[PDB]
Amino acid sequence: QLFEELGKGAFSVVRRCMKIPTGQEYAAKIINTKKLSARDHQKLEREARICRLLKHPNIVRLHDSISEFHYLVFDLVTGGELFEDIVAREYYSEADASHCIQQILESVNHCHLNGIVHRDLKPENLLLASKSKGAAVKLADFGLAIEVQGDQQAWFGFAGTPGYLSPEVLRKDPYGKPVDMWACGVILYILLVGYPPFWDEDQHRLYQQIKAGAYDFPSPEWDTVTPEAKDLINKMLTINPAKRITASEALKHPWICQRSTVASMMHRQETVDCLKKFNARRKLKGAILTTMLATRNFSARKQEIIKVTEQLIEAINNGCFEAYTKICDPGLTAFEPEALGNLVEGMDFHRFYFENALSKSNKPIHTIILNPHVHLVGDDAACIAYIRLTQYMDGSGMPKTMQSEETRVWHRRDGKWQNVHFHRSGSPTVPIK
Amino acid sequence: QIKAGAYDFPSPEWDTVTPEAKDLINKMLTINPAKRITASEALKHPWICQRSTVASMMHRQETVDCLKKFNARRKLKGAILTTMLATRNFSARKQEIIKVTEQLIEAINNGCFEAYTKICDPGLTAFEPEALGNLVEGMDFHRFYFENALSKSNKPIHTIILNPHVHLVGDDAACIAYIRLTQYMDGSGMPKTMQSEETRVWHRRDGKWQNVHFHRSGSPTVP
Amino acid sequence: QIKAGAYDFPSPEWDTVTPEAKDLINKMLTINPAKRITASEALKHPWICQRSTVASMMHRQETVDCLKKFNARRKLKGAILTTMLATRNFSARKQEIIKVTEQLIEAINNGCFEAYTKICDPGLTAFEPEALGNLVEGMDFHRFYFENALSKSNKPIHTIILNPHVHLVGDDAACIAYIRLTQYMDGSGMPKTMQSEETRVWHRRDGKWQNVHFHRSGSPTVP
Amino acid sequence: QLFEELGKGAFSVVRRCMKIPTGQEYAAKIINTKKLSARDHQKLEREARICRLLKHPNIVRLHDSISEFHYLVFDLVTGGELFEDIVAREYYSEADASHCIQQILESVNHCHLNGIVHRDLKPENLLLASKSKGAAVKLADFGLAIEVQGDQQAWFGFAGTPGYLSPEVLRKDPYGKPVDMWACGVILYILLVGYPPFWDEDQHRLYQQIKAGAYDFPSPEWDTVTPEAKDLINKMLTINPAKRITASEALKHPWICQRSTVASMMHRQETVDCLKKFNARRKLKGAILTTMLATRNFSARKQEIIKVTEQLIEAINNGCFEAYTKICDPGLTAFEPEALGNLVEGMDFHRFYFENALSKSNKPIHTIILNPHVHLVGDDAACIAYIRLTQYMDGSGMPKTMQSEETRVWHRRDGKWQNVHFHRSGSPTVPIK
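Residues numbered from 1 in each chain as written, not as in the entry; some residues may be left out. Chains lettered and ligands numbered in written order. Part of a larger assembly, values for the part shown. Heavy atoms only, no water. Residues with missing side-chain atoms left out of burial classes, pairs and counts.

Per the deposited record, the coordinates in this entry were obtained by X-ray crystallography to a resolution of 2.30 Å.

Asker: Describe the UniProt feature "binding site: ATP" (unreviewed entry) in chain A, and please don't skip the residues or the numbers.
Answerer: Residues and elements named next belong to chain A. As annotated by UniProt and renumbered to match this structure, "binding site: ATP" (unreviewed entry) occupies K29. Among the structural elements, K29 can be located in strand β3 (residues 24–30). A relative accessible area of 22% means that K29 is categorised as partly exposed. Leave out the neighbours within four places in its chain, and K29 touches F11, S12, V13, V14, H70, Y71, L72 and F74. (UniProt positions renumbered as here; feature names shortened; annotations may be inferred. Helix = DSSP H or I, 4+ residues; strand = E, 2+ residues; numbered from the N terminus. Buried < 20%, exposed > 50% of the residue type's maximum accessible area, 1.4 Å probe, protein only. Contact = heavy atoms within 4.5 Å.)

Asker: Lay out the pattern of salt bridges in plain terms, naming residues and giving numbers.
Answerer: Residues and elements named next belong to chain C. If you walk through the whole model with that rule in mind, you get 80 salt bridges over all chains. Of the charged contacts in the structure, one is a salt bridge between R93 and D171, with a shortest N-O distance of 4.0 Å. Taken together, the positions of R93 in helix α6 (residues 92–109) and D171 in the loop between β4 (157–168) and β5 (173–185) put the pair 78 residues apart, joining distant regions of the chain. You can call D171 exposed: its relative accessible area is 58%. (Salt bridge = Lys/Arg side-chain N within 4 Å of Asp/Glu carboxyl O.)

Asker: Quick rundown of the interface of chain A and chain B? Include the residues and the values.
Answerer: Interfaces are often sized by the accessible area lost when the parts come together. Taken residue by residue, the interface counts 37 residues in chain A and 37 residues in chain B. For the side of chain A that touches chain B, the elements supplying multiple residues, two or more each, are α11 (269–284), β10 (290–292), α12 (300–317) and β13 (365–376) of chain A. Considering each element in turn, the side of chain A that touches chain B owes the most residues, 9 residues, to α12(A). In terms of residue class, the side of chain A that touches chain B is made up of 15 nonpolar, 13 polar and 9 charged. (Nonpolar A, V, L, I, M, F, W, Y, C, P; charged D, E, K, R; others polar.)

Asker: Describe the interface of chain B and chain D, with residues and values.
Answerer: Chain B puts 14 residues into the contact, and the matching count from chain D is 14 residues. Across the chain B to chain D interface the summed buried area is about 1200 Å²; carbon plus sulfur atoms make up 66%. Counting the surface chain B buries against chain D, the share from its top three residues, B:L132, B:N134 and B:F144, is 44%. Between the two partners, chain B and chain D, sit 0 salt bridges. Counting the contacts that link chain B with chain D gives 4 residue pairs in polar contact. Here the side of chain B that touches chain D gets 6 residues from one element, more than from any other, and that element is helix α8 (residues 140–152) of chain B. The residue inventory of the side of chain B that touches chain D, partitioned by class, reads 9 nonpolar, 3 polar and 2 charged. (Buried area = accessible area lost by both parts, 1.4 Å probe. Polar contact = N/O pair within 3.5 Å; in protein donor to acceptor, adjacent residues only side chain to side chain.)

So this is what it looks like as structure tokens:
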């Protein structure tokens, strides 16, 4: 018996309903037929099967999958996010956090016992059954969950949320149940002090922190945290998944199964305050759509590559072939529109333009380098990618603009950055008009 | 910072600089050019014309060490060519504009006209290829694509927002410019991509960022 | 006006309306919907349920005469179809944006880069056909057309600004959208016309309206 | 001997210079060769000849036209606009205004005596020689001036500034010297109270006011103006140019040649205040470029034409041919893309679409009318012009938009607005895609 609307999925409409014969209410996620994309149906089939398999008080339960118009009727959950509820409480201590993690571990342990790995443990998937006092924690959203065979590890793909990704996934190693336990470690850390153990504006460095297990317990906020809580975090945030504590073992860790004896009950106002900022940053960085932002900040090492690339392009515009042969490797290779799809090698092909075009007369050239992106691939190697915009005067006297996309590979040889390969697509770089 | 003359003399390095040297800097860095010391006057400043008695003769190694870094950065940033770098370190205010913009795009992709009319100002104007070079006003022109295509067509589309740039033009106004890349399935079931460039002007009215004008160039958003 | 509840009961016509009728209006036109009278409550208002003793029985000919005009206007404005009328009655604030926009266009046509850099913000961004779908930043990209074509070419051009629409988005921010019609002489000496659609975002900084972003679609401004 | 820059012309650069042998300074308007357009050179030749002919203390004098790079060396004028100087004074009376008009009339009388009509008398062309106390008024900018033969009237074209245009020009009658005197009347009126005698947001109604000579002297500001000042204005703002006072006669009007006896010396603060607003509106409405703004405000009569046009288009979209034949004249003619450049007459050509297209099935049509412009050509006649935007579903199922431009001519026949002709350009109005 439908009622109010709760929200929207990508393809579905969530609405409150009822089991009329028993006056027990539910939430209905209508499958509909808005789209039916390929991996959209393959995933939905998977999610329904998995949710159907898991029957546990701390996991959102699926109660039917009617295909009258097709349905996904779940438990009514009205408590919102655990993290949002915590910031609203007047008192919040380690003991409160332990009680939460115990329920999360129970849900994770249930998944693993049934050969299911969630892969996306994070605050958004930790809900409260209702706004009631002792409402249970419920694990939600198995859209990324996988079915594993016993304890066999395998490469199931690079999936998850950056801040919670495990080292084994970032290493491209086969993985399994332990990835959920690494995520639990990140979550517990946040539950105690209200900020994440791994954070960096640069995603690549974030992943380096995770792989190296480079977190710490800075003073003063961690000085009041019990040794047992720190110990559990260390056992979850263990780089080697074979040495990482399991859900079963974590349920019997003193901080969990002896919460009433070792967990501190001191109110942690600083944690509540920080968690409020954490939730606000999270809601603001939701990234509803795929958002790509070209690297504006640059390390000195990356600036070095931009500089030498601009020096090379300047030698070209000025027709300085001496500079060009200093900067380019003698075995340079290139793809470029002027080469008609062939890979050219050496200097000869490029010397033709230095000899017959790069010393034009009253013909001003202005080059603009747009959104350069630099990869550092070892101490002596890099590649750079950028848009090359050229403003110039055409034959009929009018100003015109052309665009190229350029990749250049750099190797530090004999102490000097040298260009061993480049690839240009789009327009030629000499005004052909 | 420059227009506000917002500089200071932080400790410790400036604790050992003479008052007269700080004084000369102050008189040169005077916001009002009418009150700024001239070249003739500075040549008569005690720190300049009585250096022997006024200027310190202490060694400033920390100035040498810092100048080395200053020079190194200056030679690295030496742009031989015009270089245009995107924006990637956004304030919270600018991220707010990005978020509501993506919420608006999401509502369009999902054909949710209720969300669209919530986020867009009733007096919205628009330049877009669908409008054939005309400036359209109100929600009518856009209602057609919701009531028909945006929900009628059942094909997968993926939107990408590239290189957003946000101008904050007052506490309650903002401008955002971005490239809108759309992947979709064509009639023959083949994957295609199209590009639009889009400007959206935002005004915070009644505590809610609302879109008062937008300008699309390039491809039309409906495949 | 509606959001502010900015209505009143002007004299003389309202001098003869009962207090109870004014009271019922006040309770219905309550800005906060939580405090607005409900239908059940209004049915118990003295002016409604005790009409015989509360409501006036005087003839309101001036209401009949005014309703006749109200009805006539309502039947004339009855838009059978979506009608979009330009703007032609501009406030002084909106005319200010039109003026500085035309000053900017004039500087471009005359190849006066000094005026251009005076009116444009140093951090100006732009989408324009000359930029091939890229967002360009700064004055560099535009400097090329001043240093060469805008003054080099000696041919007559006439610019027309059609149907400007100005959004005021705060005391120090504005948006303008207009069609830019350009008549010019082509290479063969034949007259031609081209059209662009242009959005310009303006921010009043240091007491001067300055262009922080613009978006051109259609033809490129250089012939 | 060049010095400072004063401003820019469309094609020229104005800069202070000097006559070095005599230490007398000037202003130099460089002709250059920035453009040399057809009617640009024909006008410059005219302006130089005219300025060369006029030698009078109250007219900007041309002193050379060198062609080394070509020059237009004028008198150095540094006093700015008369109207700007007046608002800055502490005391300003009729007598001050009369002294100004006497100088203007002297310059105008000089022009007419030499067979030259300025045609563009207005505040911007009334300058002060310098910022000195009794600096002379100087008439400037003969870019619209014409050379007349004696007292022969002719049609020299529709030229001038709207607020100052004479009735004879607005009537498309042959004209001559008197147009300058009508302008002087408008200028004098403004000099006394600080607002124009003719003003209307709608230019067409402005011109109707001018042609009808519909100005007045409202109280209280005009109650303190002398009868002689009003009399002079009336003699200048005389509709019939043959009865309009001439510059010669105006110089001998009591308010001019008896200023010291009949002109009031009372300070007119309200005039200074209003003139400041007048100058501010003028500087803001400069219209640097040709600006066109579609009529937003509409009279009830014009609204009637929009309504019946929208009723007609609705009958088309709904395929109501009964309504169509009610609204359209039986002798309707049309140009339209569907007719391939032919003029079609009657109803038959249009009935084909009512019978075979205007009753489509699940094919939504949405019409938008953009920027309608209505001309009222008599009480029973009008034409309307608008953009017609049609949104529709194409054959392949996709939404599309097409544009037409439409003119419709309306005649009130037997008390009913009826469409006797229409012209459509652009796309056809039935989805051909």
